[PDB]
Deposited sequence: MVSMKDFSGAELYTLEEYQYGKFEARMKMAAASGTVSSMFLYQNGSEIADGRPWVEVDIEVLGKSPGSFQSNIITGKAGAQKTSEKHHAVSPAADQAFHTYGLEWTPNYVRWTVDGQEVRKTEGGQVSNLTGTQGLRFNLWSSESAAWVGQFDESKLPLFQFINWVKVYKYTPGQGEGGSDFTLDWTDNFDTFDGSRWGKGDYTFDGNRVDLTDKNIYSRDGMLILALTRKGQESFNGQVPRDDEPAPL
């Protein structure tokens, strides 16, 4: 029932530990969130179960950096550890390879193969169970976090050129890859839901597969479309 449409791409399967890489050009405008994250589906349910999530989020008002986070604890009582990391060129101006490594001992964030953060113990010990790999584009109702939402900047697009998923066994062995020449429905799902604090409804209408890229779009409701050209990843 919301007034804007965003999108979420998620792996149908979940994994226990691993390395996850995505080649992407992020979207950014005041008020938006453009992401790559690991998520234990159901964490949002306040029935006593744990929350398990690892994030990379480009906040719209600051396209030249991204926020890293680990969310543990439980719904209604989360433990977080937000940190920020510069990206150059800006996340919405060039493709970068974002990586997440997760093992029993640490979580590591990389940009173009270089470490920007590595957390050990504490929260990491509570990232039990499995997590699926996800990407979404939306807008937060918290202006303090992402800036006031500038609707005139819509539509916005996040482009994913390819994804690599490695098994935890380096400590990783490549498991599968997707270059996105097509939408593989046996591997991915398209989110159709929302949550409090999100100004948009995540909809499968805003997931597109064009010219070797998976595109996530953030549009005004009723204007869900992509007719432009995909950017080059030279």
Quiz item: Numbering the deposited sequence from 1, which residue ranges have no coordinates here?
Solution: 1-3, 173-179, 245-249
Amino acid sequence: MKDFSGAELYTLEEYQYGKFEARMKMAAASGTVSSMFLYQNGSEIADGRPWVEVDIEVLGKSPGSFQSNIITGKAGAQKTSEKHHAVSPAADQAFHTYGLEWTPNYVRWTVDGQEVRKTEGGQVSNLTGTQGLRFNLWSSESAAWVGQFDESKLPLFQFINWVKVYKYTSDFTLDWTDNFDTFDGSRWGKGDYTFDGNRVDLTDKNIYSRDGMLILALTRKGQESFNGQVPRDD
From here on, numbers count along this sequence of modelled residues.
Quiz item: Which of the two stretches, 170-178 or 61-69, shows the higher mean Cα temperature factor in the record?
Solution: 170-178
Self-check item: Which of 188-196 and 31-39 has higher mean CA B factor, as the PDB entry lists it
Solution: 188-196
Quiz prompt | Residue of maximum C-alpha B factor among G99, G132, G121, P155, per deposited coordinates | solution = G121
Quiz item: Between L137, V146, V107, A77, where does the Cα B-factor run highest in the record?
Solution: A77
Quiz item: Once the chain's modelled residues are ordered by C-alpha B factor and cut into thirds, is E14 in the lowest, middle or highest one?
Solution: lowest
Quiz item: Taking the entry's C-alpha B-factors for this chain, is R220 in the lowest, middle or highest third?
Solution: lowest
Practice problem: State the tercile, meaning the lowest, middle or highest third, of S209 with respect to the CA B-factors recorded for its chain. | Solution: highest
Self-check item: B-factor third for the C-alpha atom of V116 within its chain
Solution: highest
Self-check item: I160 - which third its CA temperature factor falls in, relative to the rest of the chain
Solution: lowest
